[PDB]
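Labels A, B, C and D are assigned to the chains in the order they are written; within every chain, residues are numbered from 1.
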Amino acid sequence: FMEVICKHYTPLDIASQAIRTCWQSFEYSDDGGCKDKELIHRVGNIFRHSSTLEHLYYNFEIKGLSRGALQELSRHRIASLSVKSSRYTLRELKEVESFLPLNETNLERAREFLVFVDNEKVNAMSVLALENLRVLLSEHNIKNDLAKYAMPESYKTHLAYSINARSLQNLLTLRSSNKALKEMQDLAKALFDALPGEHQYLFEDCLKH
Amino acid sequence: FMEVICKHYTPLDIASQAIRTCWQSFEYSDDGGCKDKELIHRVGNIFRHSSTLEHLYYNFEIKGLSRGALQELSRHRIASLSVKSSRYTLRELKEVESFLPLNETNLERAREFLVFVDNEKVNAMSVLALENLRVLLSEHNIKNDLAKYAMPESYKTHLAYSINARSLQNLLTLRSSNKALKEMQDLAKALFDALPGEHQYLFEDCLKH
Amino acid sequence: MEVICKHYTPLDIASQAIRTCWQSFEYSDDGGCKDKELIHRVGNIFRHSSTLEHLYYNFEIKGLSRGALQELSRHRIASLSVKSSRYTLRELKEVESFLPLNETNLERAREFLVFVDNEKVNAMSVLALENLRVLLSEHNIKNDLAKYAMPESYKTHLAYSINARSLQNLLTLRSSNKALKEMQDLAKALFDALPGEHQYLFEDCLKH
Amino acid sequence: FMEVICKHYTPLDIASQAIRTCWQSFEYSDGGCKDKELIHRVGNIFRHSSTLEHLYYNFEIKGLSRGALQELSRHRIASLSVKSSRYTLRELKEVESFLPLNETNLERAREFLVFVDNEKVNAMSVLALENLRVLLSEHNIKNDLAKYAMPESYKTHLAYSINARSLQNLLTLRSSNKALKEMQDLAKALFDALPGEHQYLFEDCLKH
């Protein structure tokens, strides 16, 4: 339910040229053909040689991820993030109407700002929290730096996320697992699906458990 | 109101022995005294050689930091964190009593789970979010993975945190700034105060702005 | 020494990241004047310089010495794939002796060696090179053994990838006058190989 | 046959404490029977292997070749401080000639070179060492130029700091039979320099 766009990626040939550089086997190259694609996959997955995959870089856009899931995504250190800052954007709530009383319309309205999960009760509490947050900002005009303390973890964030193919493999493996938080499994799937189809074969098996 | 402890640190002479290895200046060593300590500060502060500070490691324990602050601390990638997981530890609320009504007694009780800031209205909302979370967990027995979504960012976390001196200088410079969140400025001062007095000269200027 | 930029991230990737933090998309100009200056002004504030990490550059580097390779590999926030001596020394099993040290064998020698501005050093490098050739061809010694007699002037070849924030750091450190000369040359060749459009983010790094 | 010393290490109880911090389960703790096995168990779950990063090791390595240095430098999650050839090469300016090659001078050349399992290679290293010595002593050529004539068997000295998680990776990769012999030697030496109590964390890494 969160939106992931791959905005830029590294042509695969960058990877195969890199691999051939090591053993100087350009003679065996087929000018970016299927044998070159095959090479990235086979060598890229020998552990000692997985650093060749680092030459492939992906620039993503992620919309509608919860702050709670951001906590976990942030722990993958081999990546670059630029994240919508609550310290400077919370005033977005100053302008909206109350979400109380809870009812179908207000619950739909609140989904613009909150990630809902598959429990009605939890979602109701997130809206209650969102409403209190709205009041702090809107009626008492409290600063963002203080008000953010009342914000629920289901609050939506937005980010640019950039990551190389070797780190992306690690991410996909850890977060598509059944031990992983449901939202992180969805993020993993959404990131895979955002990849160009031509690159997806390098990652296809990370999601296999 | 938050506590940082330095559990273990690398002896200073470890860094001096490393500087003297580059240019083989082991001749002018003095068991780590004024000749060796002057060297660490002097050379390590030279950017092309700040690499020498990376040999010093600090193991901290940090108590009473909010999840909000944790989002910011997590973005310092050159460091190691082990964090109390809400996915596994939220059942801690299942035992305790209602925090309603919001009387003076229940406010203090709520402080054990929440970071309070310098605004009474914010804190009151944090406590309301806390009580809804307790209700989800205790009255409805909702699983941690779902309930955490209604958790407020003022919720307290607890972590083990290890960092080398070069990265710690960066962290202290960035988070003692006037532009950093108040809780993070406070963490910066506390990390510094937790350091052995002997080591503090390497970091004092980081705090000067 | 040959440096080529095979691929590079479009500038607007970085400007979209910057605008994401403060949600300032209304004020965008679609990778125009303002978007471009935004990347420069904000990317150079230290607390926001991680914005430049979204820009990635893929390079090919030919003609670098193993000596300078020692120094380039010390930049840890980068990716390299390097021609391996353990596997490619076989290249010497073919060629003809480089003795005597006449101008025809010296020329042939620069195929495999980085020469410096001293004729005597270069001659020593060629002599080390001929003994390496001797171990490989005449005695058929394993690569893993003969490689110990390799001179540090021996040429290497690598794919190198690095992001803008780390490239700023590389170019600053290595264009200094304290840097080995060959590394100063590399810094300059990397800058020169960047798209003209990106160069304004890096040129101050060279200014000492 | 290179010399590896562990100058300082982190107490094991630091990782057991970090591990317990995740689950708030210090209640069952003791760095006793539960703790040491806890570290080994949890550390080896890939999703929780970052608990091992709290353990840090400061080593000194003496007598490693420049050639092996190229490879060791490729492990980027570590800190190294290395004897600079650009400044310390003046060390050769004093010694006598290494020629002619005889049992005595071969022994003297070992002070400066790593020998491998072939006499012919070792002789060529000495030849290159002697030329290097001439450039420096007789021609008074600066280190920055002369280093290009240096053989990769030249010895280096370094301080090396690394955390348990990165060290496991290092030992696994470098103790392979696919690795350069010297690196396999180094992997064994690092393991052996570890305090006995920590070794059970790494011994499996050496087993292929």
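Some notes on this structure:
As a convention for this text, a residue touches a chain if its C-beta (ideal position, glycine included) is under 8 Å from a C-beta of that chain, and two chains touch if they have at least 3 such contacts.
By chain, with names taken from UniProt: A, B, C, D = Flavin-dependent thymidylate synthase.
With chains reduced to the mean position of their C-alpha atoms, the one farthest from subunit C is B.
Compared on C-beta pairs in contact, B-C and B-D come out with B-D as the pair having more. Separating the CA-averaged centres of subunit B and subunit C is a span of 38 Å.
Computed centre separation for the pair subunit A/subunit C is 32 angstrom, with centres defined by C-alpha atoms.
The distance from the centre of subunit C to the centre of subunit D, with each centre set as the mean of the Cα atoms, comes to 25 Å. For subunit D, residues touching at least two other chains, in rising order: 80. Chain contacts here are complete: no pair of chains fails to touch.
All chain pairs that count as touching, in label order, are A-B, A-C, A-D, B-C, B-D, C-D. Looking at the complex, you find that subunit B touches subunit D at residues 7-8, 10-11, 14, 17-19, 21-24, 51-52, 54-55, 57, 59, 61, 80-85, 88-89, 92, 158-160, 162, 164.
Interface residues of subunit D facing subunit A in the complex, by the touch rule stated above, are 46-47, 173, 176, 178. For subunit D in complex with subunit C, the residues that touch the partner chain are 65-67, 69-70, 73-74, 76-77, 80, 86, 114, 116-118, 120-122, 124-125, 127-128, 131-132, 134-135, 139, 141, 144-153, 180-181.
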